[PDB]
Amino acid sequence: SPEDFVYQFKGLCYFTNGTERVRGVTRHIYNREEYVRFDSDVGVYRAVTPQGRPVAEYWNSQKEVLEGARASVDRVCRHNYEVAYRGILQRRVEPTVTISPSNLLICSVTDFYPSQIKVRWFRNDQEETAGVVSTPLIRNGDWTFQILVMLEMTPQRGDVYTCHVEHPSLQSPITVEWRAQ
């Protein structure tokens, strides 16, 4: 098993309410350990570990570095939002909704984007909650999510179960039915 040494430099842009509120942070990381941080809310470099102290001290003394970091929010974060992120945020992929018995009913809500999703179970138009369990949101990695929401049940003849799904890509809720066969 070979030795290894890892370096990570991350430039992060945080956005709230469009670009009304923009914060940028850069992290320098050795292996798993962040040693120095620039956070635009703070305005100067901050050592995070002792190994980061002389680094932060030096860069804070150099007006070129300091001003480069301070300009990042406009030159990188806001710039990229107008060039790419505003466009990406318009992406909408409708969920596919599928009921399958596993007594347990599984409502699969698959291939949707973005992540905001509401799923409810009904039995005979009365909402079920006590017997419901959902997974967390699941990232597929291909720019879609899925989620599973299960319902404990005991099916009688005549009962109708409905999975009810809302999502920003839907003008109206998708409902799918499952009938005791």
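Throughout, we count residues from 1 along the sequence that is shown.
Counting only residues from the deposited sequence, how many are left out of the model between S102 and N103 (none, 1 to 3, 4 to 9, 10 or more)?
Gap size class: 4 to 9 residues without coordinates, per the record.
Return whichever of 169-177 and 8-16 has the greater mean Cα B factor according to the PDB record.
So the stretch with the higher mean C-alpha B-factor is 169-177.
What's the residue among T26, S115, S134, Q156 with the greatest CA temperature factor in the PDB record?
Of the candidates given, the C-alpha B-factor peaks at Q156.
Report the third (lowest, middle or highest) to which the CA temperature factor of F38 belongs, ranking only the modelled residues of the same chain.
As the PDB entry reports it, the C-alpha B-factor of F38 lands in the lowest third of its chain.
Ranked by Cα temperature factor within the chain, is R123 in the lowest third, the middle third or the highest third?
CA B-factor rank for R123: highest third.
Check where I88 lands among this chain's C-alpha B-factors and tell me if it's the lowest, middle or highest third.
According to the entry, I88 has a C-alpha B-factor in the chain's highest third.
So where's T96 on the chain's Cα temperature factor ranking, which third?
CA B-factor rank for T96: highest third.
Based on the deposited C-alpha B factors for this chain, I'd like to know if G141 is in the lowest, middle or highest third.
For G141, the deposited C-alpha B-factor lands in the middle third.
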